[PDB]
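First, one chain by itself: the form deposited in one PDB entry, in structure tokens.
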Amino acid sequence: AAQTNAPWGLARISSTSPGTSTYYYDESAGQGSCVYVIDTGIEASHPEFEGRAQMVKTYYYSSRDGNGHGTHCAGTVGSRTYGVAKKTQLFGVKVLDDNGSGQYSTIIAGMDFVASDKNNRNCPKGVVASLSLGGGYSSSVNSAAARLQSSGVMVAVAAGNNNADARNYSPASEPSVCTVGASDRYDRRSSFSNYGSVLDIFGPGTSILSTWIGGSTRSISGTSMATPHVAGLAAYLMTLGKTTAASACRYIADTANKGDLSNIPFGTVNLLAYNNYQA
């Protein structure tokens, strides 16, 4: 299958060179896998989700996305036009408020909620977690993401939008999750993207067009537009049978395009997520 006129980072994920505009992927499109988007929430009623998106938990009075941010991230994962995994199942966990912030204890609780929730969710192909969230270094926050990965969930996390080493940022520095940095249109690390030996992979994170609240769309930048790209690549790859929650990050790095990125600091991997689908 081929999506013609696809957002840049989708096409970049199915190509070995930059400047392409078509997105290539298997028509299975991540059916049978489920992705939990921990965040501001998800506008489940967005027609781009086609009844495949759903609010599963809030730590607030409202289970809705009154920010937009969560919706944007969930759209790069699985919306129909903007999504990597166009048929995956999306679950919303609101650990961030409408401004887009949350305390550590509530985001640790939301990670632990998925650990248990996934057992009673029909995801035959596997379960992934997308965390476009983070802050100062926390050993409880790293511990919680380690348990989540350990429960059999492919955990993808943002590197941090600081242009410094991701080692001083909370879930990012957890060595066992899949830590995602951002790249731009021209195959350069995004200027704001963190780096460090803790990163595993880079995804498109600059000028990423996706779904927004109010049944609309919006284009924004950050390690947060990059995370869900590798989160949807896992779900798609897992639904292909190529890998599973435990091995997924390793498999994505081992099959990434190598040495394509410029502006990559020494000690940081030069790997860009790739779906390996030539037609």
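When you see a residue number, it is the position in the sequence shown, counting from 1.
Notebook entry, point to check: What stretch has the higher average Cα B-factor here, 18-26 or 5-13?
Noted result: Averaging CA B-factors over each stretch, the winner is 18-26.
Item checked: Of 55-63 and 38-46, the one with larger mean CA B-factor -> On average, C-alpha B-factors are higher across 55-63.
Note to self: Sorting 82, 137, 202, 192 by Cα temperature factor from the record, which one lands on top?
What the structure shows: Among 82, 137, 202, 192, the highest C-alpha B-factor in the entry belongs to 137.
Notebook entry, point to check: So among 177, 74, 141, 96, who wins on Cα B-factor in the entry?
Noted result: So the option with the highest C-alpha B-factor is 141.
Notebook entry, point to check: By the record's CA B-factor, is residue 101 among the lowest, middle or highest third of residues in the chain?
Noted result: Highest third, going by the recorded CA B-factors of the chain.
Check: Ranked by Cα temperature factor within the chain, is residue 155 in the lowest third, the middle third or the highest third?
Finding: Lowest third.
Next item on the list: Just say lowest, middle or highest third for the CA B-factor of residue 163 relative to the other modelled residues in its chain.
Entry: As the PDB entry reports it, the C-alpha B-factor of residue 163 lands in the highest third of its chain.
Next item on the list: For residue 217, return the chain-relative third of its C-alpha B-factor as stated in the PDB record: lowest, middle or highest.
Entry: Residue 217: CA B-factor falls in the middle third of its chain.
Notebook entry, point to check: Relative to the other modelled residues in the chain, which third contains the C-alpha temperature factor of residue 120: lowest, middle or highest?
Noted result: Answer is highest: the recorded C-alpha B-factor places it there.
The same protein also has a form solved in complex with a small molecule, omitted here; what follows describes it.
Check: Is residue 108 one of the residues lying within 4.5 Å of the small molecule in the bound PDB entry, judged by heavy atom distances?
Finding: No, residue 108 sits far enough from the small molecule in the bound PDB entry that none of its heavy atoms falls within 4.5 Å.
Checklist line | Contact of residue 90 with the small molecule in the bound PDB entry (heavy atom, 4.5 Å) | finding: No, residue 90 sits far enough from the small molecule in the bound PDB entry that none of its heavy atoms falls within 4.5 Å.
Note to self: Under a 4.5 Å heavy atom criterion, is residue 201 part of the interface with the small molecule in the bound PDB entry?
What the structure shows: Residue 201: no, not in contact with the small molecule in the bound PDB entry.
Notebook entry, point to check: Does at least one non-hydrogen atom of residue 197 fall within 4.5 angstroms of the small molecule in the bound PDB entry?
Noted result: Output for residue 197 is no: heavy atoms all beyond 4.5 Å of the small molecule.
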